[PDB]
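Engineer: Questions regarding the structure given below will be posed in turn.
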Amino acid sequence: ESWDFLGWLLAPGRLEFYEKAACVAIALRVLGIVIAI
Amino acid sequence: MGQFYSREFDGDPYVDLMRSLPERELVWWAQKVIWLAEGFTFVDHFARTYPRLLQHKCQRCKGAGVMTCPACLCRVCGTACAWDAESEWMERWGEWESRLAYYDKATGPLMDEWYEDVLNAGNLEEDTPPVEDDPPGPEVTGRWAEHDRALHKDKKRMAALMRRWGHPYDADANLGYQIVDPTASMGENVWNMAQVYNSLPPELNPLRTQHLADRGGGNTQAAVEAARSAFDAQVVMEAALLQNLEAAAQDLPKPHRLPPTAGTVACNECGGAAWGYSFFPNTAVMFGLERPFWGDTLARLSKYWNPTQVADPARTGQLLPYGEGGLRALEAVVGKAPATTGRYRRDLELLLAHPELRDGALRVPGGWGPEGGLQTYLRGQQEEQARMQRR
Amino acid sequence: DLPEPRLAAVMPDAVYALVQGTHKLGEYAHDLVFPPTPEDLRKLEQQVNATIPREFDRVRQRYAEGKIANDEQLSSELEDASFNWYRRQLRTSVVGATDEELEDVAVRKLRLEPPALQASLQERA
Amino acid sequence: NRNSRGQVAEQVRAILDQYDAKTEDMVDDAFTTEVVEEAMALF
Amino acid sequence: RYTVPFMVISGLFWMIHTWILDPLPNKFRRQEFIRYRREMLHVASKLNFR
Amino acid sequence: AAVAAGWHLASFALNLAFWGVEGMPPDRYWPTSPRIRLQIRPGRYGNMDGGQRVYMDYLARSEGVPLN
Amino acid sequence: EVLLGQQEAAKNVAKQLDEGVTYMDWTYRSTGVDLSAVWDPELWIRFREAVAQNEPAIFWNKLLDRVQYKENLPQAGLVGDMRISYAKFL
Amino acid sequence: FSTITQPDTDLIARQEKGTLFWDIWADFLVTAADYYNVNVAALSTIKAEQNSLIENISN
Amino acid sequence: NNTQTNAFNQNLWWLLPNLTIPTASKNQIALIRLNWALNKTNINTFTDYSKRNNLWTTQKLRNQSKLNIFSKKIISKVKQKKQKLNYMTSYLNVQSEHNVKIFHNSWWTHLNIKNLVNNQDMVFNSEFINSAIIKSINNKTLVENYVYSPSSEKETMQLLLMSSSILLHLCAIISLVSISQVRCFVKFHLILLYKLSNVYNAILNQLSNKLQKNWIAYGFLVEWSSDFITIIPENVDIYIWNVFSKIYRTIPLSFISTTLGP
Amino acid sequence: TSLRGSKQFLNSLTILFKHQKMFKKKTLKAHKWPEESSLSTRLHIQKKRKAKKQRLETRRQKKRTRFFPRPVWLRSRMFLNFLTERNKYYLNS
Ligand SMILES: [Zn+2]
Ligand SMILES: [Zn+2]
């Protein structure tokens, strides 16, 4: 019942990094589609 | 980010593409950062999991490091601990609770709004005056009239409280105003806690007794410093215990090998190490064969708990079981008598003698001795009743 | 990994969405390989109306077939009824239902008074 | 349910966040919901 | 048990640097690419036509 | 412990008697460079003009001269 | 998709035979991989109950307790070197 | 040595996208050659690149 | 905040105010006490996205200015109030919904209490492990009855154990570095160590120069973006190969001496 | 003079609620082991207050809001609990 690998992978600091990287990836995917002008 | 424009980046066709596409340049930068972090994640996972293959425990103590006492289970055991003494449990917990009440911000927003109210005494948004007008007479009896009078003296008693003690934030009884707020960042609150001595209660704060720096006096370096050092050692030992519990929760060997206690001795082979790393990987950690089968453990324990005699006790002349000495309305109706109990006998007798101590409005601090809780409250009531005859 | 705002919310939201989508696919399949008989009015009434407490009787009489209740007026009356029930249950939690305090806690919180089995089996069953 | 100290802090924050007819038909349980909720978060 | 965590880490980061950040589909993708201006802008610096 | 350390010292003294390169023929299966042994060449992606400067600085440091 | 509502009382026996989905004890003799060493039958049962009752907290609480196990360690009442003894514990 | 001295993520990703751009979709030289090219001065801002591109879109 | 989940976070902890066995041990104990506090503030479990907060906060705050359906709304409202009662009272037959803790989750994890607990710096022993391992190898040895139980036997099993351990460690290292992101990590660390070695070299050789007889283009972009086969001399490859071949040159003779001995 | 409880502290939420907030009538007989006049008056005041808050006759035109003549009968007991908790430091030896 102690899921050490998943608790380590989903640690709050790593979750914060994944949020930041998802923000940057979504912003740079939008910037690249809305440049169709 | 404006980079990849000079001659120093001439030669790669994809870089030649990224010259005129800033979105490609930004995609490259973000992707390189993400790839580097993924490499960090892979390496950290390897560095976490590969030492688990190298851990081997002692086969005699099964990785415990302590064995059951040879005698008595004493001068061969360990030296107990601080918390085995049952007589000091309530005092230790009372001092710990008094220390934790400094840090406790469970009533945080309530004390913050009280602090704002006592800071700006110009509030508004009342919108209806409470009626709340019935302290009827100093006459009649019962419980309702007494509780209602004690509830109606709330304003004057609160004024007395705010005059004698004031706000906890204005006297540093609590942590103060907004210093540790969640949702800000783990690290801004760490900075605010490291600011002055916010991690210590004022009973151990160094900036409270430095004014007594001449000649020592009340032992600001021998009593307050000793108390602060003991408190820090206790919280560090709590962190060690939590790390040991975390390692025990995932079946891993414990990192901190604690000394043997009053029922245990050190292992014969380890001496207390109980496990260690080695060059040779563990073939039980690998292949999943680390824990024994339940039926095998049951068979081992049954055979160990049920010794058999293969000699009839008539040919061998044995008439007694193994051991020394050999020849030889209580405990069968009610069953035994408590042994750890007995220090609470006086408090139980006083609670039976005075049923008013069972009042729901009364909350004593707690304790068993003459000093603390029920006996302290009874002595205070008796002293008040004796001194009201002289006044 | 997922939508931006926080990963601490979208992960339970995704788990809840997976569970409810699995429930909604388990349903509509047991209404096609086992379509509803009058059970659709029997098990959706009575055993559901019993779970509906008091303080909703007024809004159930008014909005349903007795009057009209708009959209936000209906939601406002439902909120008022829910808060009346919430205050009633807070009072039932501390001072009890229409019974004394020696039954509000002494026999209820302290789990004395063992459940009625002899009386509920002989007199009823 | 018995709240730990952190969950008590969450309760105090929720209660202190939340908000931010004839007398006859008025329910007998007509008390101040916020005051009772906060007096339950304490004690 | 020893090999899946690497796949989990790789997939978890692949969702954020390939699925969301930079995709790459096949087939007819003319009208979506401004890259071809630069691509035809460097054709004389690429291999002799053949 | 002296026997184990003596075995390790005997191995080290054998390596000392080996000393350098003298007495050993050149081997066509084992050239002195792993890039010769394998097939590792730089290609179109990765090589850039500034890389010559960086290569010059790394080669200066590897040869042991403090010039760049 | 289809509307062929077949009726048979052996489908209850087949659903009971889908206890292998719960326990994964058939996996080694069928594939070679002993998935019962890593499968969580309690978590599968909680997921099944959550799906059946439309109450996702039943599965989510167990999953979060499995993931954040360290935060489930006793942090209340264990303050500052709370060791008794082996002998006092006995 | 052969494993550690191998292309990393940046070099591998610049090897498939670079192939896709300058190697797979650079086959449009045969298209633009059968319709019209000048090359050479098709660099810079000749303004025939725009006409060739819109003719490629129109097909 | 940026270096939170990394081993390079226990180096910022030593750059705080005073916060006050050696002084380094006292500072570490003080930092462990600072981590123990702010967990005793009981703010770590609070999350703005908890279902508990969405029960009160986002239910009074959403309305704002701005069977069937009715008995599907009534039951939903009753369930919401039931969860609110469970979160507050001794309500029964209600199960709560948890939240992901994201603040100060395990304060005891990012601390090195080992050197303090084992009574180092004030002033247990391993190696029963390998003795027990080789003893078990000898005591069981699997018996090579197919070679009619030869005399050496234990030597063969010990050689197999050493070979398997060495090969497992080397295979783990090779499989780890076979990942391209791990190669990116190695490249980044090599660049950092090169620049820091240049700093060391600058300082040291400048001192031993005056003591004799007494921008991103150059700064980590053209190195981070280039194939490291390009910017690496063949001199260092030849040097590493020569060092390796000089170290592992007596292996045949030492193997023959060990196996041909007693 | 030392730390001890008091009956004037009124630590019981049941006391603090049957006296100040909750005023209902119970009809049953006891099986296992309070100024009704005042209670009825307080209940009627409570009903008038709830009614007024329901027809939005208050300045704050919301049915439920946060009053700020904050209850002394609650703030005082919170401060009493904090004082008795932090004054346990003098309960040593
Ligand atoms: Zn042992
Ligand atoms: Zn003993």
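Following the order of the structure tokens, chains are lettered A, B, ..., residues in each are numbered from 1, and ligands are numbered from 1.
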Should the cut-off be 8 Å, what would the residue list for chain B against chain J look like, counting only C-alpha atoms, as a PDB file with C-alpha atoms, in the first residue's frame?
Structural biologist:
```pdb
ATOM      1  CA  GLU B  91       3.376  16.702  32.547  1.00  0.00           C
ATOM      2  CA  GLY B  94       1.180  19.414  28.951  1.00  0.00           C
ATOM      3  CA  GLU B  95       4.510  21.112  28.292  1.00  0.00           C
ATOM      4  CA  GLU B  97       0.912  21.110  24.162  1.00  0.00           C
ATOM      5  CA  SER B  98       1.900  24.489  25.615  1.00  0.00           C
ATOM      6  CA  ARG B  99       4.791  24.590  23.141  1.00  0.00           C
ATOM      7  CA  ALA B 101      -0.036  26.244  21.027  1.00  0.00           C
ATOM      8  CA  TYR B 102       2.559  28.840  19.984  1.00  0.00           C
ATOM      9  CA  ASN B 123     -15.544  49.142  12.450  1.00  0.00           C
ATOM     10  CA  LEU B 124     -18.949  49.138  10.768  1.00  0.00           C
ATOM     11  CA  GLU B 125     -21.465  46.616   9.252  1.00  0.00           C
ATOM     12  CA  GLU B 126     -23.442  45.911  12.422  1.00  0.00           C
ATOM     13  CA  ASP B 127     -26.893  46.197  10.759  1.00  0.00           C
ATOM     14  CA  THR B 128     -28.865  44.839  13.747  1.00  0.00           C
ATOM     15  CA  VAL B 131     -31.288  42.170  21.962  1.00  0.00           C
ATOM     16  CA  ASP B 134     -31.919  38.876  30.375  1.00  0.00           C
ATOM     17  CA  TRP B 144     -29.660  27.943  34.154  1.00  0.00           C
ATOM     18  CA  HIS B 147     -24.759  29.696  33.416  1.00  0.00           C
ATOM     19  CA  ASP B 148     -26.759  32.662  32.089  1.00  0.00           C
ATOM     20  CA  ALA B 150     -21.645  33.689  33.540  1.00  0.00           C
ATOM     21  CA  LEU B 151     -22.576  34.092  29.866  1.00  0.00           C
ATOM     22  CA  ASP B 154     -18.782  38.037  28.810  1.00  0.00           C
ATOM     23  CA  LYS B 155     -18.119  41.660  27.815  1.00  0.00           C
ATOM     24  CA  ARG B 157     -14.620  39.502  31.423  1.00  0.00           C
ATOM     25  CA  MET B 158     -13.309  39.942  27.865  1.00  0.00           C
ATOM     26  CA  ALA B 173       2.023  34.324  22.481  1.00  0.00           C
ATOM     27  CA  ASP B 359     -19.719  19.421  35.401  1.00  0.00           C
ATOM     28  CA  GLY B 360     -19.570  20.041  31.662  1.00  0.00           C
ATOM     29  CA  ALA B 361     -18.607  23.691  32.161  1.00  0.00           C
ATOM     30  CA  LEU B 362     -15.453  22.702  34.088  1.00  0.00           C
ATOM     31  CA  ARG B 363     -12.229  21.834  32.244  1.00  0.00           C
ATOM     32  CA  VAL B 364      -9.170  21.198  34.438  1.00  0.00           C
ATOM     33  CA  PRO B 365      -5.701  21.015  32.782  1.00  0.00           C
ATOM     34  CA  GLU B 371      -0.040  19.248  41.587  1.00  0.00           C
ATOM     35  CA  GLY B 372      -2.205  19.385  38.479  1.00  0.00           C
ATOM     36  CA  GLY B 373      -5.812  19.048  37.400  1.00  0.00           C
ATOM     37  CA  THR B 376      -5.249  21.618  41.976  1.00  0.00           C
ATOM     38  CA  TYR B 377      -8.824  22.722  41.222  1.00  0.00           C
ATOM     39  CA  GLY B 380      -8.117  26.264  44.718  1.00  0.00           C
TER      40      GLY B 380
END
```
Engineer: What do you get as a ChimeraX atom specification if you pick all residues at most 9 Å from ligand 2, counting only C-alpha atoms and all ligand atoms?
Structural biologist: /B:68-78,262-265 /G:87
Engineer: Keeping only N, CA and C atoms, write those residues as an mmCIF file, in the first residue's frame.
Structural biologist:
```cif
data_model
loop_
_atom_site.group_PDB
_atom_site.id
_atom_site.type_symbol
_atom_site.label_atom_id
_atom_site.label_comp_id
_atom_site.auth_asym_id
_atom_site.auth_seq_id
_atom_site.Cartn_x
_atom_site.Cartn_y
_atom_site.Cartn_z
ATOM 1 N N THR B 68 15.380 -10.025 21.867
ATOM 2 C CA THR B 68 14.725 -10.110 23.161
ATOM 3 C C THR B 68 15.758 -10.441 24.232
ATOM 4 N N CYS B 69 15.594 -9.821 25.400
ATOM 5 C CA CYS B 69 16.517 -9.904 26.523
ATOM 6 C C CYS B 69 16.770 -11.350 26.944
ATOM 7 N N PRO B 70 18.035 -11.763 27.086
ATOM 8 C CA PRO B 70 18.321 -13.140 27.524
ATOM 9 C C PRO B 70 17.846 -13.440 28.935
ATOM 10 N N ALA B 71 18.244 -12.623 29.901
ATOM 11 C CA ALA B 71 17.635 -12.663 31.213
ATOM 12 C C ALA B 71 16.309 -11.918 31.181
ATOM 13 N N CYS B 72 15.445 -12.261 32.136
ATOM 14 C CA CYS B 72 14.232 -11.529 32.504
ATOM 15 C C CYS B 72 13.118 -11.601 31.464
ATOM 16 N N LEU B 73 13.384 -12.144 30.274
ATOM 17 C CA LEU B 73 12.392 -12.240 29.192
ATOM 18 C C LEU B 73 12.500 -13.576 28.453
ATOM 19 N N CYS B 74 17.563 -5.030 34.879
ATOM 20 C CA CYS B 74 18.030 -6.370 34.559
ATOM 21 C C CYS B 74 19.553 -6.347 34.430
ATOM 22 N N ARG B 75 20.069 -5.140 34.160
ATOM 23 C CA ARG B 75 21.485 -4.780 34.044
ATOM 24 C C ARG B 75 22.119 -5.310 32.761
ATOM 25 N N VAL B 76 21.372 -6.075 31.966
ATOM 26 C CA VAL B 76 21.821 -6.469 30.635
ATOM 27 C C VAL B 76 20.950 -5.885 29.537
ATOM 28 N N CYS B 77 19.817 -5.272 29.878
ATOM 29 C CA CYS B 77 18.915 -4.674 28.901
ATOM 30 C C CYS B 77 19.471 -3.328 28.442
ATOM 31 N N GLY B 78 18.640 -2.555 27.751
ATOM 32 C CA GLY B 78 18.901 -1.150 27.538
ATOM 33 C C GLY B 78 18.493 -0.337 28.752
ATOM 34 N N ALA B 262 14.787 -1.102 27.087
ATOM 35 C CA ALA B 262 14.762 -1.839 28.348
ATOM 36 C C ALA B 262 14.292 -3.282 28.217
ATOM 37 N N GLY B 263 13.818 -3.704 27.052
ATOM 38 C CA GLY B 263 13.453 -5.096 26.877
ATOM 39 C C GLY B 263 14.318 -5.804 25.859
ATOM 40 N N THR B 264 15.276 -5.085 25.284
ATOM 41 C CA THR B 264 16.055 -5.584 24.165
ATOM 42 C C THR B 264 17.546 -5.478 24.454
ATOM 43 N N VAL B 265 18.311 -6.300 23.742
ATOM 44 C CA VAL B 265 19.762 -6.238 23.727
ATOM 45 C C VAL B 265 20.205 -6.107 22.276
ATOM 46 N N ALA G 87 10.152 -3.215 26.789
ATOM 47 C CA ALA G 87 9.626 -3.736 28.048
ATOM 48 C C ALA G 87 8.399 -2.964 28.506
#
```
Engineer: Set the cut-off to 9 Å and count only C-alpha atoms: what are the residues of chain E that reach chain A? Output as a ChimeraX atom specification.
Structural biologist: /E:5,9,13,15-17,20-23,32-34
Engineer: Mind checking which residues fall within 9 Å of residue 41 in chain C, counting only C-alpha atoms, ignoring those fewer than 4 positions away in the same chain, and posting them as a list in words?
Structural biologist: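 My reading of the contact set: residues 37 and 45 of chain C; 67 of chain I.
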Engineer: Excluding same-chain residues fewer than 2 positions from range 28-34 of chain B, what lies within 10 Å of it counting only C-alpha atoms, as a PyMOL selection string?
Structural biologist: (chain A and resi 17-18+21+24-25+28) or (chain B and resi 1+15+18+22-26+36-40) or (chain E and resi 13-14+16-18+21-22) or (chain H and resi 9-10+13-14) or (chain I and resi 181+184+224-225)
Engineer: Keeping only N, CA and C atoms, write the selected residues to a file as a CSV table (one decimal), in the first residue's frame.
Structural biologist:
```
chain,number,residue,atom,x,y,z
A,17,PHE,N,6.5,21.7,-11.3
A,17,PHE,CA,7.3,21.7,-12.5
A,17,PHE,C,6.5,21.3,-13.7
A,18,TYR,N,5.6,20.2,-13.6
A,18,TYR,CA,4.8,19.8,-14.7
A,18,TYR,C,3.8,20.8,-15.0
A,21,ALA,N,5.7,23.5,-17.0
A,21,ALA,CA,6.1,23.0,-18.4
A,21,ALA,C,4.8,22.9,-19.2
A,24,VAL,N,4.0,26.4,-20.4
A,24,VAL,CA,4.9,26.9,-21.4
A,24,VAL,C,4.6,26.1,-22.8
A,25,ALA,N,4.4,24.8,-22.7
A,25,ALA,CA,4.1,24.0,-23.9
A,25,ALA,C,2.8,24.5,-24.5
A,28,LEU,N,3.3,27.9,-26.1
A,28,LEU,CA,4.1,27.8,-27.4
A,28,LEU,C,3.5,27.0,-28.4
B,1,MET,N,14.8,33.1,-27.7
B,1,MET,CA,15.1,34.2,-26.8
B,1,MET,C,15.9,35.3,-27.4
B,15,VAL,N,19.2,24.9,-37.2
B,15,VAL,CA,19.5,26.2,-36.7
B,15,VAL,C,19.3,27.3,-37.7
B,18,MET,N,15.7,27.9,-37.6
B,18,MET,CA,15.4,28.6,-36.4
B,18,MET,C,15.9,30.1,-36.4
B,22,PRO,N,11.2,32.6,-34.6
B,22,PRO,CA,11.3,32.7,-33.2
B,22,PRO,C,10.4,31.7,-32.4
B,23,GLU,N,9.3,31.3,-33.0
B,23,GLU,CA,8.5,30.3,-32.3
B,23,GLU,C,9.2,28.9,-32.3
B,24,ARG,N,10.0,28.6,-33.4
B,24,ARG,CA,10.9,27.4,-33.3
B,24,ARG,C,12.0,27.6,-32.3
B,25,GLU,N,12.6,28.8,-32.2
B,25,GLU,CA,13.6,29.0,-31.2
B,25,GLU,C,13.1,28.8,-29.8
B,26,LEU,N,11.9,29.3,-29.5
B,26,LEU,CA,11.3,29.2,-28.2
B,26,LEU,C,10.9,27.7,-27.9
B,36,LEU,N,16.3,18.2,-20.2
B,36,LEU,CA,17.3,18.2,-19.1
B,36,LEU,C,16.6,17.8,-17.8
B,37,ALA,N,15.4,18.3,-17.6
B,37,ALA,CA,14.7,17.9,-16.4
B,37,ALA,C,14.3,16.4,-16.4
B,38,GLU,N,13.9,15.9,-17.6
B,38,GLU,CA,13.6,14.5,-17.7
B,38,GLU,C,14.9,13.6,-17.4
B,39,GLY,N,16.0,14.1,-17.9
B,39,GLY,CA,17.3,13.4,-17.5
B,39,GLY,C,17.6,13.4,-16.1
B,40,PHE,N,17.3,14.6,-15.4
B,40,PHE,CA,17.4,14.6,-14.0
B,40,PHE,C,16.5,13.7,-13.3
E,13,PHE,N,6.9,12.7,-19.5
E,13,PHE,CA,7.5,13.9,-20.1
E,13,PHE,C,7.2,14.0,-21.6
E,14,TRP,N,6.9,12.9,-22.3
E,14,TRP,CA,6.6,12.9,-23.7
E,14,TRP,C,5.3,13.6,-23.9
E,16,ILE,N,4.4,16.2,-22.4
E,16,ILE,CA,4.6,17.6,-22.2
E,16,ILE,C,5.6,18.2,-23.2
E,17,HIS,N,6.4,17.4,-23.8
E,17,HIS,CA,7.3,18.0,-24.8
E,17,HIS,C,7.1,17.5,-26.2
E,18,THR,N,6.2,16.5,-26.5
E,18,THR,CA,5.9,16.1,-27.8
E,18,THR,C,4.4,16.1,-28.1
E,21,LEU,N,3.6,20.3,-26.8
E,21,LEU,CA,4.5,21.3,-27.3
E,21,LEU,C,4.7,21.3,-28.8
E,22,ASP,N,5.2,20.1,-29.3
E,22,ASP,CA,5.6,20.0,-30.7
E,22,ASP,C,5.1,18.8,-31.3
H,9,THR,N,18.9,14.1,-26.9
H,9,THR,CA,17.5,14.4,-27.4
H,9,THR,C,17.5,15.5,-28.4
H,10,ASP,N,18.3,16.5,-28.2
H,10,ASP,CA,18.4,17.7,-29.1
H,10,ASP,C,18.9,17.2,-30.5
H,13,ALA,N,16.3,14.8,-32.2
H,13,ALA,CA,15.1,15.5,-32.6
H,13,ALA,C,15.4,16.5,-33.8
H,14,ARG,N,16.6,17.0,-33.8
H,14,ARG,CA,17.1,17.8,-35.0
H,14,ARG,C,17.5,16.9,-36.2
I,181,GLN,N,17.9,11.5,-22.7
I,181,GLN,CA,17.8,12.5,-21.7
I,181,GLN,C,18.9,12.4,-20.6
I,184,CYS,N,21.7,13.9,-22.2
I,184,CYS,CA,21.6,15.4,-22.0
I,184,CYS,C,22.1,15.9,-20.7
I,224,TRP,N,26.2,23.6,-25.6
I,224,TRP,CA,25.0,22.9,-25.3
I,224,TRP,C,24.2,22.5,-26.6
I,225,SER,N,24.4,23.2,-27.7
I,225,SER,CA,23.7,22.9,-28.9
I,225,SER,C,24.4,22.1,-29.9
```
Engineer: Using only C-alpha atoms, find which residues of chain D lie within 7 Å of chain J and jot them down as a list in words.
Structural biologist: residues 19, 21, 22, 23, 26, 28, 30, 31, 39 and 43 of chain D
Engineer: With 8 Å as the limit and counting only C-alpha atoms, what residues in chain B lie close to chain D? Please list them as a ChimeraX atom specification.
Structural biologist: /B:105-110
Engineer: Residues at most 7 Å from ligand 1, using only C-alpha atoms and all ligand atoms? Could they come as an MDAnalysis selection string?
Structural biologist: chainID B and resid 58:65 267:272 274
Engineer: Just list the residues in chain A DSSP gives helix (DSSP H, G or I) on the backbone, as a ChimeraX atom specification.
Structural biologist: /A:4-9,12-30
Engineer: As an exercise, work out the distance from CA of residue 89 in chain I to CA of residue 92 in chain C in Å and give it to one decimal place.
Structural biologist: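 Separating CA of residue 89 in chain I from CA of residue 92 in chain C is a distance of 10.1 Å.
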